[PDB]
Participant: 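Let me give you the structure first, and then I'll get to my questions.
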Protein chains: 2
Amino acid sequence: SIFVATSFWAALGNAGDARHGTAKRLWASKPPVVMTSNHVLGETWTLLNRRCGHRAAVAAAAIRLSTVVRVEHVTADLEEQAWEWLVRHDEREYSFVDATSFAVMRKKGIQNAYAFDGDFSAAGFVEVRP
Amino acid sequence: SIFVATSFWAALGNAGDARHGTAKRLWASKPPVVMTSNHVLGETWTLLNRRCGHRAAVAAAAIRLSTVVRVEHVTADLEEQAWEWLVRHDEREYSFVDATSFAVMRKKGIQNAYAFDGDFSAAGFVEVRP
């Protein structure tokens, strides 16, 4: 299984992203179980909206309708763990969505992330490469 | 009676923000009932962590512990309402967090927002000023 982060969705959903081709390659080779979070989709919307405008962002909104991609609603319990995690890990700059993403992966026993730019790698997960 | 957006927290939590002065004055004259959301606090963490560093971002994390600020966990239902709203409103660039913020306010019957930049005003709310 894999967990998909915003950095990946943003690449996949933006044809003008420098890592678009890499993303599509990764997407074609993905395992059957693909999950992400409500926080990630929201972040993806915002990023794609700011970068490519409303139409491109609508694509991200539609992922929540997918029968193939599993979207975890991050619970209050999981968020509390993410907050605690965030407060202790001052060694590197981590976003809130990243911390909730790590928390989801730990909960679901997921080690592989579809993500770029090394934050998941730094946090002890595997950022899948083509 | 008021909902506090990310833009306000970011100004209040960063003394170098151009609207920090306005934020503190509004914060001094705020009503007894003050509300925000998990999404907003998460976004605030991320912004402050990038701009001012870990120690400053921890302040935002601590708001979730407040006995005076009500922190609403945005339900999957409210997010769905936010998603449908986002898809509908192409006339202006709206973030996901702001969309969920609008949804929370509408459900709670709140129109007065502690927020800057006019996005809440555009969405039909009152961005309160001193």
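To find a chain, count down the sequence lines: A is the first, B the second, and so on, and within it residues start at 1.
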Participant: Roughly how far, to the nearest 0.5 Å, is CZ of B/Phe8 from OG1 of B/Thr22?
Facilitator: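 Atom-to-atom, B/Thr22:OG1 and B/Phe8:CZ are 9.0 Å apart.
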
Participant: Give me the atom names and distance for the closest heavy-atom approach of A/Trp85 to A/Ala99.
Facilitator: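 Result for this residue pair: CE3-CB, 4.0 Å.
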
Participant: Once you round to the nearest 0.5 Å, how far does CG of A/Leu86 lie from CZ of A/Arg88?
Facilitator: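 The CG atom of A/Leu86 sits 11.0 Å away from the CZ atom of A/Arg88.
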
Participant: Find out if a path of hydrophobic residues (ILVMFWY) with successive side-chain heavy-atom gaps under 4.5 Å connects B/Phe116 to B/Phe120.
Facilitator: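 In one cluster: yes.
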
Participant: Going from CE on A/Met35 to CD1 on A/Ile110, what distance comes out if it is rounded to the nearest 0.5 angstrom?
Facilitator: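 A/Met35 CE to A/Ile110 CD1: 5.0 Å, rounded to 0.5 Å.
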
Participant: Side-chain donor-acceptor pair under 3.5 Å between B/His39 and B/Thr100, yes or no?
Facilitator: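 Present: a donor and an acceptor within the cut-off.
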
Participant: How close do B/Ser7 and B/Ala115 get, counting heavy atoms only, and between which atoms?
Facilitator: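 Looks like OG-CA, 3.4 Å.
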
Participant: Answer yes or no: is there a side-chain heavy-atom contact under 4.5 Å between A/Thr36 and A/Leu41?
Facilitator: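 SC-SC contact between A/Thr36 and A/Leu41 confirmed.
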
Participant: Check whether B/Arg64 reaches the backbone of B/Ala61 with its side chain - one donor and one acceptor, N or O, closer than 3.5 Å.
Facilitator: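 Yes: the side chain of B/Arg64 pairs with the backbone of B/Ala61.
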
Participant: Could you tell me the separation between the CD atom of A/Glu80 and the CG atom of B/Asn38, rounded to the nearest 0.5 Å?
Facilitator: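 A/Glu80 atom CD to B/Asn38 atom CG measures 11.5 Å (nearest 0.5 Å).
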
Participant: Are the side chains of A/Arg51 and A/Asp17 in touch, meaning some heavy atoms are under 4.5 Å apart?
Facilitator: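 A side-chain contact under 4.5 Å exists here.
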
Participant: Honestly curious: do A/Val87 and A/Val74 fall in one hydrophobic cluster under the side-chain, below-4.5 Å linking rule?
Facilitator: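 Different hydrophobic clusters.
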
Participant: I'd like to check A/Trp27 versus A/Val34 (side-chain heavy atoms, cut-off strictly below 4.5 Å). Are they in contact?
Facilitator: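 Yes, their side chains come closer than 4.5 Å.
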
Participant: Quick check: closest heavy atoms across A/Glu91 and A/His89, and the distance to 0.1 Å?
Facilitator: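 Minimum heavy-atom separation between A/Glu91 and A/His89: OE2-ND1, 2.6 Å.
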
Participant: Flag the pair B/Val69 / B/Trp9 as yes when at least one side-chain heavy-atom distance between them is below 4.5 Å, and no otherwise.
Facilitator: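 A side-chain contact exists here, since the closest heavy-atom pair is under 4.5 Å.
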
Participant: Supply the atom-to-atom distance A/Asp90 CG to B/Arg55 CZ, rounded to the nearest 0.5 angstrom.
Facilitator: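 Separation between the atoms: 12.0 Å.
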
Participant: For the ring pair A/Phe3 and A/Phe125, is the centre-to-centre distance below 6.0 Å?
Facilitator: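 No - the distance between ring centres of A/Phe3 and A/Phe125 does not fall below the 6.0 Å cut-off.
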
Participant: Is a donor on one side and an acceptor on the other found under 3.5 Å between the side chain of B/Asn14 and the backbone of B/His20?
Facilitator: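 No, because the side chain of B/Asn14 does not come within donor-acceptor range (under 3.5 Å) of the backbone of B/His20.
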
Participant: Is there a path of hydrophobic side-chain contacts, each under 4.5 Å between heavy atoms of I, L, V, M, F, W or Y residues, that connects A/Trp83 with A/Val97?
Facilitator: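 Cluster IDs for A/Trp83 and A/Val97 match.
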
Participant: Treat each ILVMFWY residue as a node, draw an edge where side-chain heavy atoms are under 4.5 Å apart, and state whether A/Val40 and A/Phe96 are in one component.
Facilitator: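 Yes.
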
Participant: Looking only at heavy atoms, which two atoms of A/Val71 and A/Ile63 are closest? And how far apart?
Facilitator: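 Between these two residues, the closest heavy atoms are CG2-O, 4.2 Å.
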
Participant: Taking B/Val126's backbone N and O only, do any of them form a donor-acceptor pair with B/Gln111's side chain (distance below 3.5 Å, no angle check)?
Facilitator: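 Between the backbone of B/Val126 and the side chain of B/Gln111 there is no qualifying donor-acceptor contact (under 3.5 Å).
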
Participant: Taking the side chain as everything from C-beta on, heavy atoms only, tell me whether B/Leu12 gets closer than 4.5 Å to B/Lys24.
Facilitator: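 Contact flag for B/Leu12/B/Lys24 side chains = yes.
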
Participant: How are the rings of B/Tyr94 and B/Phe102 set relative to one another: parallel (under 30°), tilted (30 to 60°) or perpendicular (over 60°)?
Facilitator: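 Perpendicular, since the angle between the ring planes exceeds 60°.
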
Participant: Without swapping roles, check the side chain of A/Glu93 against the backbone of B/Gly53 for a donor-acceptor pair under 3.5 Å.
Facilitator: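 No.
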
Participant: Determine yes or no for a side-chain-to-main-chain donor-acceptor pair under 3.5 angstrom, with B/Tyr114 supplying the side chain and B/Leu26 the backbone.
Facilitator: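 Checked: pair present.
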
Participant: Do B/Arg106 and B/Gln81 have side-chain N/O donor and acceptor atoms under 3.5 Å apart?
Facilitator: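 No - no donor-acceptor pair under 3.5 Å links their side chains.
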
Participant: Given 3.5 Å as the limit, does a donor-acceptor pair link the side chain of B/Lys107 with the main chain of B/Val104, or not?
Facilitator: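 No, because the side chain of B/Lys107 does not come within donor-acceptor range (under 3.5 Å) of the backbone of B/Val104.
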
Participant: Any side-chain heavy atom of A/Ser95 sitting closer than 4.5 Å to one from B/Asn49?
Facilitator: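 Not touching, per the 4.5 Å side-chain cut-off.
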
Participant: Taking all non-hydrogen atoms of both residues, which atom of B/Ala11 and which atom of B/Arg19 are closest, and how far apart?
Facilitator: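 Closest pair (atom of B/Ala11, atom of B/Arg19, distance): CB-O, 3.8 Å.
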
Participant: Backbone N or O of B/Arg25 within a donor-acceptor pair of the B/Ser29 side chain at under 3.5 Å?
Facilitator: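 Checking the backbone N and O of B/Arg25 against the side chain of B/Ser29, a donor-acceptor pair under 3.5 Å is found.
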
Participant: Of all heavy-atom pairs between A/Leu48 and A/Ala57, which one has the smallest distance, and what is that distance?
Facilitator: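 Smallest heavy-atom distance, with atoms named: CB-CA, 4.1 Å.
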
Participant: Hey, does the side chain of B/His54 reach the backbone of A/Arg92 with a donor-acceptor pair shorter than 3.5 angstrom?
Facilitator: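 Such a contact is absent between B/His54 side chain and A/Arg92 backbone.
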
Participant: Do B/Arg70 and B/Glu72 have side chains that approach each other closer than 4.5 Å (heavy atoms only, starting at C-beta)?
Facilitator: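 The answer is no, as the side chains (C-beta and beyond) never meet within the 4.5 Å cut-off.
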
Participant: I need the B/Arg129 CZ to B/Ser121 OG distance, nearest 0.5 Å.
Facilitator: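 Reported to 0.5 Å precision, the distance equals 6.5 Å.
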
Participant: Tell me if a side-chain donor or acceptor on B/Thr46 pairs with a main-chain N or O of B/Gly42 at a distance below 3.5 Å.
Facilitator: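 Yes: the side chain of B/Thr46 pairs with the backbone of B/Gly42.
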
